[PDB]
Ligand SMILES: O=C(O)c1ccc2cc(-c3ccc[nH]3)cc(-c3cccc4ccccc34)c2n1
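Given as structure tokens, the chain that follows is alone and in the form deposited without this ligand.
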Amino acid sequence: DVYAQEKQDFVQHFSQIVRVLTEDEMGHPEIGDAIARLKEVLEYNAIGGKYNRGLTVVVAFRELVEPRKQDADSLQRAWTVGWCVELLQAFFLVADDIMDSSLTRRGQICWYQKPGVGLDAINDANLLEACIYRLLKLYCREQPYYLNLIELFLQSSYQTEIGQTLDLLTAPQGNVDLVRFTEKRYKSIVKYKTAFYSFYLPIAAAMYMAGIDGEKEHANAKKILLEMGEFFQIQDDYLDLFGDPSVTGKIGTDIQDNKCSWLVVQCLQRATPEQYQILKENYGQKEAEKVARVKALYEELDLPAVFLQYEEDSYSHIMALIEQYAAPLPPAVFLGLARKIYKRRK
């Protein structure tokens, strides 16, 4: 409801974002062709998702800043900072799809698979990252939370890249890594790779924008939000295989890519010696036949039912965490986000 309410305005602001980031073509003609490519990169990769991470910024901001302090310029800054989180996401996904050998994303071919793009997408991705800091400078430089936002985005990217490193190291191509696929390992990966940037970052940015900069307040928000991020990644892992691809807009690659997915960790905890062997012989390989055999094993082990039970226990746990740690922030900040991620099939 609160997201549905704010969405249209958020998405509409994308035009101004594009306009301001391409406005340097005015004073420096010689970079015109690069700025044109930047616009095509933004249009292809920053649009077409759910905008949940960027919208969380705007939602939280409206709920945290006194309505009398929500003037036109203030709101424009909030939408800009929400867009910064979306640009960070677009940076990450462009590179990650290369790294994971993905085919589609958000209902279309991955940018790097477009003819004439290929590994040039590495540079495109990094330009998306650079745009975040240009927009923070253009819109927030004079604000008392400016440095806080800069350090928050830089720290989030570092933590996410630390997570991505654990993800890749635990998933080598061409090698059997079953021994490494543990619950403990899984939780560490997802905490770093997903939970910081997708959950703590947008809420913390709005906190800083509302002048809520206390260490204890940030640590209490973080306790709820990192646990929500872990659930979100487990659902992402479940959807990689069992999701509907016309809902998800992306084809799954976890089994082929030898990933430490929640599914494979659950499978391992439950496999007989013989099913372990089936997993061993079939996991982390490109053959469609071997990917099919893994999926058939998961289904044989009722993994979808185990996920649906996990979704329920996790929801309760997160709601207990909100009862404990939300104060003095409005619980609505966290509940609107929980509503948006739970029983979700995209």
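So that there is no doubt, residue numbering starts at 1 and follows the sequence shown. Whichever C-alpha set is largest while still superposing within 1.5 Å between the two forms counts as the rigid core.
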task: With everything overlaid on the rigid core, name the stretch, 258 to 266 or 209 to 217, whose CA atoms wander farther on average in 8 other deposited structures of this protein.
output: 258 to 266
- prompt: Do the Cα atoms of 235 to 243 or those of 140 to 148 sit farther, on average, from the shown form in 8 other deposited structures of this protein after fitting on the core?
  reply: 235 to 243
- request: May I ask you to compare 1 to 9 and 336 to 344 by their mean CA B factor in the entry and name the higher one?
  value: 1 to 9
query: Per the entry, where is the mean C-alpha temperature factor higher: 25 to 33 or 45 to 53?
result: 25 to 33
query: Out of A60, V306, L38, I318, which residue has the highest Cα temperature factor in the PDB record?
result: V306
- prompt: If you check the C-alpha B-factor for each of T248, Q233, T160, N123 in the entry, which is highest?
  reply: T248
message: Looking at the temperature factor on the CA atom of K137, which third of the chain's modelled residues does it land in?
response: middle
field: Chain third (lowest, middle, highest) by recorded CA B-factor, residue given as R185
entry: middle
task: Grab the CA temperature factor for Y276 from the record and place it in the lowest, middle or highest third of its chain.
output: highest
query: Would the CA B-factor of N220 place it in the lowest, middle or highest third of its chain?
result: middle
- request: Ordered by C-alpha B-factor within the chain, which third holds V94? Give me lowest, middle or highest, please.
  value: lowest
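Another form, the form deposited with this ligand bound, is not on view; read the next lines as being about it.
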field: Shown-form site status with respect to this ligand as positioned in the deposited bound form after superposition (2.4 Å backbone/C-beta criterion, 3+ atoms)
entry: blocked
- prompt: Of these, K50, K280, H28, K39, which has a heavy atom no more than 4.5 Å from this ligand in the deposited bound form?
  reply: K50
query: So which of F153, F199, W79, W111 reaches within 4.5 angstroms of this ligand in the deposited bound form, heavy atom to heavy atom?
result: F199
Contact of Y139 with this ligand in the deposited bound form (heavy atom, 4.5 Å): no
- prompt: Hey, in the deposited bound form, is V117 touching this ligand, heavy atoms inside 4.5 Å?
  reply: no
message: Would you classify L239 as touching this ligand in the deposited bound form, given a 4.5 Å non-hydrogen atom cut-off?
response: yes
This ligand contact at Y145 in the deposited bound form, heavy atom, 4.5 Å: no
Among 177 to 185, 145 to 153, 263 to 271, 228 to 236, the region lying within 4.5 Å of this ligand in the deposited bound form by heavy atom distance: 228 to 236
query: in the deposited bound form, which residues of 1 to 29 put a heavy atom within 4.5 Å of this ligand?
result: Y3
